[PDB]
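Chemist: One structure, as structure tokens, below. Some questions next.
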Amino acid sequence: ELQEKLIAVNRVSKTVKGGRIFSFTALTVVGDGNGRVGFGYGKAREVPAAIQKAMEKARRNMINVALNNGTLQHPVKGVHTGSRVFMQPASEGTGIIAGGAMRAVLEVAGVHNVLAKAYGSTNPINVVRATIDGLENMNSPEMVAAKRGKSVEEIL
Amino acid sequence: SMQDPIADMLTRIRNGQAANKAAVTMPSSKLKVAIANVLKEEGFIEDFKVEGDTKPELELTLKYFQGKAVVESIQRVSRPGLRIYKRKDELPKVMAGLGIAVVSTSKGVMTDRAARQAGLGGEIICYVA
Amino acid sequence: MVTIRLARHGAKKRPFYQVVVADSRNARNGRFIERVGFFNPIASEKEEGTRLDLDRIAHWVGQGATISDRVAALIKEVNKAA
Amino acid sequence: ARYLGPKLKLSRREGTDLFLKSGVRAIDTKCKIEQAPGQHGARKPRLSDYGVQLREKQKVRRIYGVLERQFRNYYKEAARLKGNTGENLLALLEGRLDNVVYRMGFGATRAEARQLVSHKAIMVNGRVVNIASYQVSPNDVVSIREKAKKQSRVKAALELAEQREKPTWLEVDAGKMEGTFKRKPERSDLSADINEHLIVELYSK
Amino acid sequence: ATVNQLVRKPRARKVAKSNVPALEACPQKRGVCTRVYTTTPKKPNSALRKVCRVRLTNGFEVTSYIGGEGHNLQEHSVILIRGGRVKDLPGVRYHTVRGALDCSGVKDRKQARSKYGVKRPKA
Amino acid sequence: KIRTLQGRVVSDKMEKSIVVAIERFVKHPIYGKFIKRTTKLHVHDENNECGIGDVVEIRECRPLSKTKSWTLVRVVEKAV
Amino acid sequence: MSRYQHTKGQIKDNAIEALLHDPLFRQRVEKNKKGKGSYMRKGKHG
RNA sequence: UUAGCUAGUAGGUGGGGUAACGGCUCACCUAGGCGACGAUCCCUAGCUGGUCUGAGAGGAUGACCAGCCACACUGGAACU
RNA sequence: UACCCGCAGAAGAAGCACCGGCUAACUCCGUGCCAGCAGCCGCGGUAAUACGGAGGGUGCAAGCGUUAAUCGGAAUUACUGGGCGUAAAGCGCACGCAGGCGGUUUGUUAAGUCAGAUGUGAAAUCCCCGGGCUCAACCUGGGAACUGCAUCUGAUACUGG
Ligand SMILES: [Mg+2]
Ligand SMILES: [Mg+2]
Ligand SMILES: [Mg+2]
Ligand SMILES: [Mg+2]
Ligand SMILES: [Mg+2]
Ligand SMILES: [Mg+2]
Ligand SMILES: [Mg+2]
Ligand SMILES: [Mg+2]
Ligand SMILES: [Mg+2]
Ligand SMILES: [Mg+2]
Ligand SMILES: [Mg+2]
Ligand SMILES: [Mg+2]
Ligand SMILES: [Mg+2]
Ligand SMILES: [Mg+2]
Ligand SMILES: [Mg+2]
Ligand SMILES: [Mg+2]
Ligand SMILES: [Mg+2]
Ligand SMILES: [Mg+2]
Ligand SMILES: [Mg+2]
Ligand SMILES: [Mg+2]
Ligand SMILES: [Mg+2]
Ligand SMILES: [Mg+2]
Ligand SMILES: [Mg+2]
Ligand SMILES: [Mg+2]
Ligand SMILES: [Mg+2]
Ligand SMILES: [Mg+2]
């Protein structure tokens, strides 16, 4: 049921008396294609292990997202570190118009129709974080009704 | 100097929301009062209360739901440094219609939707989400 | 003087004339006062080839507007048809 | 303006069967359908985000036999049109006269159908249409003209079609050799393996 | 930044100069080889890169790279230059066009022939 | 009813003539700020009734000199 | 055969010597594949 | 990294001139007029409908087509 | 002439770029920091998917590449939509004219603002629904739009007087 996919795998180094110690970082992101999305950042001496770790991380600490008919509910901004991200719901058939890490995260989440843009840094790890944040914050009509103490028909 | 009272009020509200304060008080004005009323109608606050004769103080009772603040965002739009007026076809939709935009029309301060219904534009005071 | 005439506006071998009121001095497809109809000599079956806003034409004539021979013919045709 | 090269190579590249041959003989017998064309076929490199979309686009284009500029134009048209873009594009593709003919069963392949169209074998509403890109409209009858009705190929094609699954959006008469394009097809009528969304995305970068 | 400030003095568009100003917004230009020579590239490369100093039709004295293996150019050899800089060469902003005017096409090239002015070997 | 404009008299030295600044309160094309823009006009006034700093209502007319194609209709707020 | 345009200006005493003190006959030291100047951020195919 | 510019110059009176208003012109009178909301000077440029690009706001642009302007070897002039 | 009918026979009709990463497409041979390549990063010093040839492949196709040029990506002049402790960026500090902004109440005004109308905003172009060329491009009917400006009649919360 959970579709998962690795955004970016990057080699990073620590330096020691001997010389350099290399290691791999794998940024993955998983989701059920409905509300749930979770990203994971695994690190290991070889790539596959790292990826596995990332996946494991991702599978726990998921997050639910209020989706309206396979898209967002309203235009939402999201930030993290340098990566400030904007994403706007769009008409059925537009497809995911989204850049980099962002595209991946959206797809697994289950948004099929978005217009996004990544402003600021487009550092994959931060940008995915930003996107997830945006998704999380984004409220539904029902939720807003509940909050403000009205019916959904009164708000529209 | 104080150059924007509405803005100040908004800021106060925001800070209250942040700090989990039950109520927020400020120097009352007519416009401010109107705004408060609008908010109440829309359900972003529980109540407001103007109190005093010589120098009266508006006291808004802030609203929280499931531990967090109802007024998620609350921005001035028109401001003294740069006024914004919109026509009925140009009236903004805040949060894709979920949030409200308080607009001062010829027939008084009202939400954006209300204005639209009426068939008139005006000075867009603020957005609330 | 002001005149009422066809202005050629189609493609090569497929002319479409816009009937225009215009100061005669102006070039054929150039400056014109009012466009008071059209005429399509290559018009197929089950479509109106000609259409003249006749009232406007009449008004122009009253004012003192000369009429192209072709335009006159078109007008006559229209009259007949109706 | 036409792809004149090997047909099964394309299929191999895509991965699927694109129906570029009549289907008398199974595609697994005619080629290594699983393995991609060339020296480095057995190797399967991991395909990029860009790449997959491109591949998808190619597949669709290959299926119908539309070159790129035309495809682009079609896409643009779809975008312009109201409703869902990918779906619209698909509909447009379907609408092509050659495609319609193929569906009806007068051509074994789409290529065959196209050829027939070119050679003035096909009448749309009792008027000989020659263009394969001709958009057939709803309630347009499309027929083999009397001169091309004696062709043994046509009957073979029809027979082949009979083996295949018939489309809901057409009604075709084998004896009369005339088919009515009843309505522009719905997305559910077309194949599920096509991810038009990818194609749509591609034309937005 | 302040709107008032902007009003007073608006935002300056960043005027970008061209990197091929001898062309003068022409796609190519004809010139005469003043001098034809080889030069060493800058680090980290090693070569003797063939290059020609050209007096252009529009007055300019530029220097132009000559791509492909081997060339017939020498002094007083009328050639077409096209723009494009060679990175490793200090100061070269233009390529000669192989197969225009006095410049010959490359000998025995079978791939990318159009770039080196070589005709299709008919068989 | 005729088109007419109001403005303060920036000068009244030249005889039978005054220059009348007209403030117009336009909105800026891009930035949206409302800027006070000014329009000096050489206005004709017979009898030299206007003072400097004086508010005055004026209308457009056939040109009376090289620079003077406006005439005044009535003076208002003529305090010093 | 094109002339090498040397950076010596007008050669007076000896040509070869002049050339030797020129970029054309500069020293070349190879980049280490392993050892000191050896670290590569990205491979040739990375 | 052009800050001051202007004497028919700004306005008035009266003649003359124009198809027509007008320093358009002339005589006299007044000393004005423009300018940091950029006068003057310098460089570049025909203007618009539009065109290209762009989510838009913008940016760039003004071949063709159509509207307007200016020019007709260079500089002047009038006649009809 | 368009268009239609007949005749013969697969007949007269495919190239161009690219294949290190970005970027879809990989191998062998030749060369050995040379020759050369290159948009950026870079490649080449004897096992080069980066040079040159070949085989194989990818993308476009009667075109395909290169150059020039513009906008885009570039939120990299940021009105929409950036910033300034340390990355570039707070005048050394003040006073203060022009300028920008202006606590609160009532009245009045109606300039800004908003609403409705009237006139105009040429036609073409753009867009929508149509129609005509076998289709398309192209042509074309009617709309919409031309975000503007002016005037008249209202509204008076907000800003101004
Ligand atoms: Mg230690
Ligand atoms: Mg073509
Ligand atoms: Mg669409
Ligand atoms: Mg006089
Ligand atoms: Mg007189
Ligand atoms: Mg010029
Ligand atoms: Mg943009
Ligand atoms: Mg001449
Ligand atoms: Mg002359
Ligand atoms: Mg490459
Ligand atoms: Mg690749
Ligand atoms: Mg190459
Ligand atoms: Mg080798
Ligand atoms: Mg090579
Ligand atoms: Mg920009
Ligand atoms: Mg910055
Ligand atoms: Mg420092
Ligand atoms: Mg600093
Ligand atoms: Mg300081
Ligand atoms: Mg106030
Ligand atoms: Mg008003
Ligand atoms: Mg109005
Ligand atoms: Mg128009
Ligand atoms: Mg049609
Ligand atoms: Mg008021
Ligand atoms: Mg007031």
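Identifiers in the structure tokens: chain A, B, ... in order shown; residue index from 1 per chain; ligand index from 1 in order shown.
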I need the strand (DSSP E or B) residues of chain B per DSSP on the backbone, written as number ranges by chain.
Modeler: B: 23-27, 45-51, 57-62, 64-65, 68-69, 74-76, 79, 82, 85-86, 100-105, 108-111, 122-128
Chemist: How would you write, as JSON, numbers by chain, the set of residues no farther than 12 Å from ligand 15 when counting only C-alpha atoms (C1' of nucleotides) and all ligand atoms?
Modeler: {"E": [11, 12, 13, 14], "H": [54, 57, 58, 59], "I": [71, 72, 73, 74, 75, 76, 77, 78, 80, 81, 82]}
Chemist: Could you list the protein, DNA and RNA residues that have any atom within 12 Å of ligand 17, counting only C-alpha atoms (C1' of nucleotides) and all ligand atoms, and write them as a list in words?
Modeler: residues 86, 87 and 88 of chain I
Chemist: Could you list, as a list in words, all protein and nucleic acid residues with an atom at most 12 Å from ligand 19, counting only C-alpha atoms (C1' of nucleotides) and all ligand atoms?
Modeler: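 Counting only what the definition allows, namely only C-alpha atoms (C1' of nucleotides) and all ligand atoms, the set is residues 85, 90, 91, 92, 93 and 94 of chain I.
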Chemist: Show me which residues line ligand 6, defined as having an atom within 12 Å of a ligand atom where only C-alpha atoms (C1' of nucleotides) and all ligand atoms count, and present them as a list in words.
Modeler: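 If we count only C-alpha atoms (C1' of nucleotides) and all ligand atoms, the neighbours of ligand 6 turn out to be residues 44, 45, 46, 70 and 71 of chain H.
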Chemist: Next, dump the selected residues to file, keeping only N, CA, C and O atoms (P, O5', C5', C4', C3', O3' and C1' of nucleotides), as a PDB file, in the first residue's frame.
Modeler:
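Listed below is the output, out-v1.pdb:
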ATOM      1  P     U H  44      24.153  59.813 -31.150  1.00  0.00           P
ATOM      2  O5'   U H  44      22.857  58.924 -30.878  1.00  0.00           O
ATOM      3  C5'   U H  44      23.011  57.545 -30.522  1.00  0.00           C
ATOM      4  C4'   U H  44      21.729  56.969 -29.967  1.00  0.00           C
ATOM      5  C3'   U H  44      20.528  56.927 -30.891  1.00  0.00           C
ATOM      6  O3'   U H  44      20.594  55.925 -31.899  1.00  0.00           O
ATOM      7  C1'   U H  44      19.831  57.617 -28.761  1.00  0.00           C
ATOM      8  P     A H  45      19.880  56.179 -33.297  1.00  0.00           P
ATOM      9  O5'   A H  45      18.348  56.312 -32.895  1.00  0.00           O
ATOM     10  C5'   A H  45      17.658  55.138 -32.434  1.00  0.00           C
ATOM     11  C4'   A H  45      16.216  55.436 -32.111  1.00  0.00           C
ATOM     12  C3'   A H  45      15.359  56.000 -33.237  1.00  0.00           C
ATOM     13  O3'   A H  45      14.944  54.945 -34.096  1.00  0.00           O
ATOM     14  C1'   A H  45      14.962  57.221 -31.276  1.00  0.00           C
ATOM     15  P     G H  46      14.964  55.132 -35.674  1.00  0.00           P
ATOM     16  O5'   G H  46      13.622  55.939 -35.939  1.00  0.00           O
ATOM     17  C5'   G H  46      12.351  55.451 -35.471  1.00  0.00           C
ATOM     18  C4'   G H  46      11.505  56.632 -35.082  1.00  0.00           C
ATOM     19  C3'   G H  46      10.170  56.327 -34.445  1.00  0.00           C
ATOM     20  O3'   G H  46      10.371  56.070 -33.069  1.00  0.00           O
ATOM     21  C1'   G H  46       9.834  57.879 -36.161  1.00  0.00           C
ATOM     22  P     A H  70       3.691  65.904 -40.997  1.00  0.00           P
ATOM     23  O5'   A H  70       5.225  65.619 -41.302  1.00  0.00           O
ATOM     24  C5'   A H  70       6.237  66.231 -40.486  1.00  0.00           C
ATOM     25  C4'   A H  70       7.532  65.484 -40.639  1.00  0.00           C
ATOM     26  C3'   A H  70       8.115  65.470 -42.045  1.00  0.00           C
ATOM     27  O3'   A H  70       8.845  66.641 -42.335  1.00  0.00           O
ATOM     28  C1'   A H  70       8.054  63.291 -41.240  1.00  0.00           C
ATOM     29  P     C H  71       8.723  67.275 -43.770  1.00  0.00           P
ATOM     30  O5'   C H  71       9.639  66.335 -44.671  1.00  0.00           O
ATOM     31  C5'   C H  71      11.052  66.394 -44.501  1.00  0.00           C
ATOM     32  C4'   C H  71      11.737  65.233 -45.166  1.00  0.00           C
ATOM     33  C3'   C H  71      11.598  65.188 -46.668  1.00  0.00           C
ATOM     34  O3'   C H  71      12.549  66.059 -47.241  1.00  0.00           O
ATOM     35  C1'   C H  71      11.165  63.058 -45.785  1.00  0.00           C
TER      36        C H  71
END
Chemist: Write out as a compact mmCIF listing (two decimals) with N, CA, C and O atoms, in the first residue's frame every residue belonging to chain D that has an atom at most 7 Å from any atom of chain A, counting only C-alpha atoms.
Modeler:
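For reference, iface18.txt as written:
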# COMPACT_ATOMS: atom_id res chain seq x y z
N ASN D 84 -10.22 18.25 -18.83
CA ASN D 84 -8.96 17.61 -18.48
C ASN D 84 -8.02 17.53 -19.69
O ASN D 84 -8.44 17.11 -20.76
N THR D 85 -6.76 17.91 -19.50
CA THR D 85 -5.84 18.11 -20.62
C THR D 85 -5.37 16.84 -21.28
O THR D 85 -5.47 16.71 -22.51
N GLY D 86 -4.86 15.92 -20.48
CA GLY D 86 -4.37 14.62 -20.95
C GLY D 86 -5.49 13.88 -21.68
O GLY D 86 -5.29 13.33 -22.78
N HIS D 197 -0.79 11.89 -17.91
CA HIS D 197 -0.38 12.91 -16.98
C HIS D 197 1.10 13.24 -17.12
O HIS D 197 1.45 14.43 -17.11
N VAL D 200 1.59 15.34 -20.15
CA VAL D 200 1.13 16.69 -19.84
C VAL D 200 2.22 17.48 -19.11
O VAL D 200 2.51 18.63 -19.45
N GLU D 201 2.80 16.81 -18.13
CA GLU D 201 3.86 17.38 -17.30
C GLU D 201 5.04 17.77 -18.16
O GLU D 201 5.64 18.82 -17.93
Chemist: Got a sec: who's within 9 Å of residue 12 in chain B, counting only C-alpha atoms (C1' of nucleotides), leaving out chain neighbours fewer than 6 positions off, as an MDAnalysis selection string?
Modeler: chainID B and resid 24:26
Chemist: Ligand 4: which residues are within 9 Å, counting only C-alpha atoms (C1' of nucleotides) and all ligand atoms, as a list in words?
Modeler: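 Written in the requested form, the residues are residues 13, 14, 15, 16 and 22 of chain H.
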Chemist: Determine which residues of chain B sit within 12 Å of chain E, taking into account only C-alpha atoms, and present them as a tab-separated table (two decimals) with N, CA and C atoms, in the first residue's frame.
Modeler:
chain	number	residue	atom	x	y	z
B	80	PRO	N	-1.30	53.11	5.90
B	80	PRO	CA	-1.19	54.54	5.67
B	80	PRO	C	-0.18	54.88	4.59
B	81	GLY	N	0.92	54.14	4.57
B	81	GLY	CA	1.96	54.32	3.57
B	81	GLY	C	1.58	53.94	2.15
B	82	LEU	N	0.54	53.12	1.98
B	82	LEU	CA	0.16	52.61	0.66
B	82	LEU	C	-1.26	52.03	0.69
B	83	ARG	N	-2.24	52.87	0.34
B	83	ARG	CA	-3.66	52.49	0.41
B	83	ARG	C	-4.02	51.53	-0.71
Chemist: To test your reading of the structure, identify every residue in chain E that backbone DSSP assigns to alpha helix (DSSP H), and report it as a list in words.
Modeler: residues 3, 4, 5, 6, 7 and 8 of chain E
Chemist: For the selection just defined, write its residues with C-alpha atoms to a file, as an mmCIF file, in the first residue's frame.
Modeler:
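Result saved to result_35.cif:
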data_model
loop_
_atom_site.group_PDB
_atom_site.id
_atom_site.type_symbol
_atom_site.label_atom_id
_atom_site.label_comp_id
_atom_site.auth_asym_id
_atom_site.auth_seq_id
_atom_site.Cartn_x
_atom_site.Cartn_y
_atom_site.Cartn_z
ATOM 1 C CA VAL E 3 7.687 52.344 -2.030
ATOM 2 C CA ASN E 4 8.334 56.071 -1.614
ATOM 3 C CA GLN E 5 12.018 55.470 -2.313
ATOM 4 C CA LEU E 6 11.138 53.480 -5.424
ATOM 5 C CA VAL E 7 8.879 56.283 -6.623
ATOM 6 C CA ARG E 8 11.666 58.802 -6.079
#
Chemist: If you count only C-alpha atoms (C1' of nucleotides) and all ligand atoms, which residues end up within 10 Å of ligand 14, as a ChimeraX atom specification?
Modeler: /E:111-112 /I:19,37,48-53
Chemist: Store the residues picked out above, limited to N, CA and C atoms (P, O5', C5', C4', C3', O3' and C1' of nucleotides), as a PDB file, in the first residue's frame.
Modeler:
ATOM      1  N   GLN E 111      31.670  12.478 -38.769  1.00  0.00           N
ATOM      2  CA  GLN E 111      30.653  12.758 -37.765  1.00  0.00           C
ATOM      3  C   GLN E 111      30.673  14.241 -37.492  1.00  0.00           C
ATOM      4  N   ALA E 112      29.534  14.805 -37.113  1.00  0.00           N
ATOM      5  CA  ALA E 112      29.405  16.253 -36.921  1.00  0.00           C
ATOM      6  C   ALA E 112      29.941  17.080 -38.102  1.00  0.00           C
TER       7      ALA E 112
ATOM      8  P     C I  19      27.342  14.270 -27.478  1.00  0.00           P
ATOM      9  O5'   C I  19      26.505  12.992 -27.057  1.00  0.00           O
ATOM     10  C5'   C I  19      25.813  12.923 -25.816  1.00  0.00           C
ATOM     11  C4'   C I  19      25.501  11.484 -25.513  1.00  0.00           C
ATOM     12  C3'   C I  19      26.722  10.589 -25.443  1.00  0.00           C
ATOM     13  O3'   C I  19      27.298  10.715 -24.156  1.00  0.00           O
ATOM     14  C1'   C I  19      25.045   9.563 -26.763  1.00  0.00           C
ATOM     15  P     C I  37      38.860  21.296 -31.818  1.00  0.00           P
ATOM     16  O5'   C I  37      37.944  20.577 -30.739  1.00  0.00           O
ATOM     17  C5'   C I  37      37.046  19.534 -31.120  1.00  0.00           C
ATOM     18  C4'   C I  37      36.389  18.984 -29.892  1.00  0.00           C
ATOM     19  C3'   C I  37      35.520  19.960 -29.125  1.00  0.00           C
ATOM     20  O3'   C I  37      34.240  20.087 -29.727  1.00  0.00           O
ATOM     21  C1'   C I  37      36.882  18.751 -27.625  1.00  0.00           C
ATOM     22  P     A I  48      42.530   4.419 -22.540  1.00  0.00           P
ATOM     23  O5'   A I  48      40.983   4.731 -22.370  1.00  0.00           O
ATOM     24  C5'   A I  48      40.431   5.136 -21.110  1.00  0.00           C
ATOM     25  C4'   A I  48      39.487   6.292 -21.316  1.00  0.00           C
ATOM     26  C3'   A I  48      38.275   5.982 -22.199  1.00  0.00           C
ATOM     27  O3'   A I  48      37.075   6.497 -21.627  1.00  0.00           O
ATOM     28  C1'   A I  48      39.401   7.872 -23.016  1.00  0.00           C
ATOM     29  P     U I  49      36.109   5.553 -20.754  1.00  0.00           P
ATOM     30  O5'   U I  49      34.711   5.676 -21.504  1.00  0.00           O
ATOM     31  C5'   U I  49      34.563   5.155 -22.837  1.00  0.00           C
ATOM     32  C4'   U I  49      33.249   5.585 -23.437  1.00  0.00           C
ATOM     33  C3'   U I  49      32.966   7.078 -23.407  1.00  0.00           C
ATOM     34  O3'   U I  49      33.492   7.710 -24.562  1.00  0.00           O
ATOM     35  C1'   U I  49      31.053   5.852 -22.696  1.00  0.00           C
ATOM     36  P     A I  50      34.694   8.742 -24.428  1.00  0.00           P
ATOM     37  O5'   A I  50      34.005  10.047 -23.840  1.00  0.00           O
ATOM     38  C5'   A I  50      32.947  10.699 -24.547  1.00  0.00           C
ATOM     39  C4'   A I  50      33.263  12.155 -24.760  1.00  0.00           C
ATOM     40  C3'   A I  50      34.692  12.496 -25.162  1.00  0.00           C
ATOM     41  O3'   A I  50      34.695  13.696 -25.927  1.00  0.00           O
ATOM     42  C1'   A I  50      34.218  13.470 -23.077  1.00  0.00           C
ATOM     43  P     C I  51      34.268  13.690 -27.457  1.00  0.00           P
ATOM     44  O5'   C I  51      35.647  13.930 -28.208  1.00  0.00           O
ATOM     45  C5'   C I  51      36.227  15.240 -28.240  1.00  0.00           C
ATOM     46  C4'   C I  51      37.570  15.195 -28.916  1.00  0.00           C
ATOM     47  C3'   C I  51      37.625  14.408 -30.212  1.00  0.00           C
ATOM     48  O3'   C I  51      37.390  15.251 -31.316  1.00  0.00           O
ATOM     49  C1'   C I  51      39.304  13.637 -28.778  1.00  0.00           C
ATOM     50  P     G I  52      36.108  15.045 -32.196  1.00  0.00           P
ATOM     51  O5'   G I  52      36.561  13.932 -33.231  1.00  0.00           O
ATOM     52  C5'   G I  52      37.546  14.238 -34.223  1.00  0.00           C
ATOM     53  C4'   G I  52      38.100  12.966 -34.814  1.00  0.00           C
ATOM     54  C3'   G I  52      37.096  11.890 -35.202  1.00  0.00           C
ATOM     55  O3'   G I  52      36.426  12.151 -36.431  1.00  0.00           O
ATOM     56  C1'   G I  52      38.889  10.903 -34.056  1.00  0.00           C
ATOM     57  P     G I  53      34.964  11.554 -36.694  1.00  0.00           P
ATOM     58  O5'   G I  53      35.243  10.014 -36.989  1.00  0.00           O
ATOM     59  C5'   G I  53      35.982   9.635 -38.154  1.00  0.00           C
ATOM     60  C4'   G I  53      36.199   8.144 -38.223  1.00  0.00           C
ATOM     61  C3'   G I  53      34.968   7.267 -38.094  1.00  0.00           C
ATOM     62  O3'   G I  53      34.262   7.180 -39.327  1.00  0.00           O
ATOM     63  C1'   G I  53      36.673   6.418 -36.705  1.00  0.00           C
TER      64        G I  53
END
Chemist: With only C-alpha atoms (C1' of nucleotides) and all ligand atoms counted, collect every polymer residue having an atom within 12 Å of ligand 1; state the result as a short mmCIF file (atom, residue, chain, number, x, y, z; two decimals) with N, CA and C atoms, in the first residue's frame.
Modeler:
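And here's result_14.cif as it stands now:
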data_model
loop_
_atom_site.label_atom_id
_atom_site.label_comp_id
_atom_site.auth_asym_id
_atom_site.auth_seq_id
_atom_site.Cartn_x
_atom_site.Cartn_y
_atom_site.Cartn_z
N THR A 15 36.81 13.85 7.88
CA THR A 15 38.26 13.75 7.71
C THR A 15 38.91 13.25 8.97
N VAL A 16 39.89 12.37 8.81
CA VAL A 16 40.61 11.76 9.92
C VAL A 16 42.12 11.74 9.67
N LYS A 17 42.88 11.40 10.71
CA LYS A 17 44.34 11.26 10.63
C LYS A 17 44.78 10.52 9.38
N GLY A 18 44.15 9.36 9.14
CA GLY A 18 44.43 8.56 7.96
C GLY A 18 44.22 9.38 6.70
#
Chemist: Take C1' of residue 158 in chain I and atom 1 (Mg, counted along the ligand's line) of ligand 26 and report the distance between them in Å, one decimal.
Modeler: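 Interatomic distance, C1' of residue 158 in chain I to atom 1 (Mg, counted along the ligand's line) of ligand 26: 9.7 Å.
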Chemist: Quote the spacing between CA of residue 101 in chain B and CA of residue 83 in chain A in Å to one decimal place.
Modeler: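 Interatomic distance, CA of residue 101 in chain B to CA of residue 83 in chain A: 28.3 Å.
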